[PDB]
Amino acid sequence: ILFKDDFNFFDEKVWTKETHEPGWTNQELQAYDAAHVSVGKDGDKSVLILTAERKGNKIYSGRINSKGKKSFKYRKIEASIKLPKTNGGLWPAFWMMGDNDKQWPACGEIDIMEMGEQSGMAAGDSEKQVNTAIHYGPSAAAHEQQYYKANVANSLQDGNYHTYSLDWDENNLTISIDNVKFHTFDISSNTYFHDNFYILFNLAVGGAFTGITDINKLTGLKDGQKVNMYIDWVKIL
């Protein structure tokens, strides 16, 4: 184990909490702030807690990253995450971007896990439908993305922690869920995935991906409701 965070405390030497207004990316409904990121207890477990909350028409949630603090290359990254029910507009993600100063998507993006996509709600398997993706290109106008989407066998929103893994070498990005291979992206001649990448976790609320960008269609998070995303640990082997 080269690195492990058990989230006994919020380590500011590793993580930064983000602050953005609604609409900052992907027509998202939440404001990100420091107050909706905490470390706490879930039973016997030390966990990072991202809390989505709604008061009136105002929506808050949490997002952290290890940019300029913790980045790695050609190593295995795993995180144990307990996801909320996403149906009706929640958008949790475990992902990485290039640890350099290049504007997105030139920095590179690996989406290890996201749930909450529009089509999953329409098909009635929002609890099983996972997206994994890579984004790259020298600019936004030249943005390129590869996706794989599938239902896993059983609910990942089942009140349990699940293991999300990326295996990374010169040739391949291999995503696994509870130690079962989900998909492999070929990067052997992709120039954007051979540098240091930092880690992100967030719980977005609505946005293009969920197909919900009007608070009137946000059934997934109600007035007075708080909803948590729990990360028990993250490690780099």
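Quick note: we count residues from 1 along the sequence shown, nothing fancier.
A.B. asks: What stretch has the higher average Cα B-factor here, 186-194 or 202-210?
C.D. replies: Higher of the two, by average CA B-factor, is 186-194.
A.B. asks: Quick one: higher average CA temperature factor, 131-139 or 99-107?
C.D. replies: Mean C-alpha B-factor is greater for 99-107.
A.B. asks: In terms of recorded Cα temperature factor, pick the maximum from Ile112, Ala122, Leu90, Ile81.
C.D. replies: Comparing C-alpha B-factors across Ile112, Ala122, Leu90, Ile81, the maximum falls on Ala122.
A.B. asks: Relative to the other modelled residues in the chain, which third contains the C-alpha temperature factor of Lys85: lowest, middle or highest?
C.D. replies: Tercile = lowest for this residue's CA B-factor.
A.B. asks: Mind checking which third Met229 falls in for C-alpha B-factor across the chain?
C.D. replies: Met229: CA B-factor falls in the lowest third of its chain.
A.B. asks: Pull the Cα B-factor of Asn171 out of the PDB entry and bin it into the chain's lowest, middle or highest third.
C.D. replies: CA B-factor rank for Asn171: highest third.
A.B. asks: Mind checking which third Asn216 falls in for C-alpha B-factor across the chain?
C.D. replies: As the PDB entry reports it, the C-alpha B-factor of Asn216 lands in the highest third of its chain.
A.B. asks: Sorting the chain's modelled residues by C-alpha B-factor, tell me whether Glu12 ends up in the lowest, middle or highest third.
C.D. replies: Highest third.
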